[PDB]
């Protein structure tokens, strides 16, 4: 219908708030405007969302084609397409996986065909130590020194989940070498251009993350020294354990908020566990009408 209102942050400031959005009744033009906001303001916060797990998936389906997480221990017991980050037991049982994403990453960056849009529906929000950190890697690329842009021009990076693969209940008593090899078979390292062109905005995106990017190689596929990756992590703010770097944005939320963000441009990371406050979050990840980049 006609009372969804989008309030974009002024200028080049990241973020936008969306009032009066109803996924069941929003028009085609509403969805078109919401997606444009996601690609340009990078983070759209839908306000006043009171959804069941099934309704959350229905909302995600308005934006794109959902993909379920490839490791099923993360999946919601009713809705396979919902990724559950939770350290609150439900009737004594562990739902989803606790303490996820404690590292800089873009979602499915270790996979050959990553999705363009991530949706997060916080269920239990810490009172004090709430929020998620973000870095716009297109803005971060633009702010690099010109020579550093030159150095990565024409290079490729390898992305792998081999550092942050989480042990599963059925992995107990297995030799660790056998899990390490299984991960390399199941999810081999993915080669991508170090930078790619955003299909929706045309921006140049620096598609690296401290958590998943394990190597960089030249225009001929010969590995380059990892010091280059360290200098790129350092320049974009990914090594600042104080989180005060100018590139870093802390996105807070309140009950009823639903975060929808550009999974091409942004990397993100959970806060330090400086308090014992718990986190429960539902995630839906959808493919939109373009691949992550033209080379996929």
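Positions refer to the first chain, counted from 1.
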Using the B-factors recorded in the PDB entry, average over the C-alpha atoms of 176-184 and of 90-98, then report which stretch comes out higher.
-> 90-98
Which wins on mean Cα temperature factor, 8-16 or 276-284?
-> 8-16
Criterion, highest CA B-factor; candidates, 226, 210, 136, 71 = 226
Chain-wide C-alpha B factor ranking for residue 66, given as lowest, middle or highest third | lowest
What third of its chain's C-alpha B-factors does residue 194 belong to: lowest, middle or highest?
-> lowest
Of the three thirds of its chain by CA temperature factor, lowest, middle or highest, which one includes residue 221?
-> highest
Chain-relative C-alpha B factor for residue 27 (record values, thirds): the highest
For residue 234, return the chain-relative third of its C-alpha B-factor as stated in the PDB record: lowest, middle or highest.
-> middle
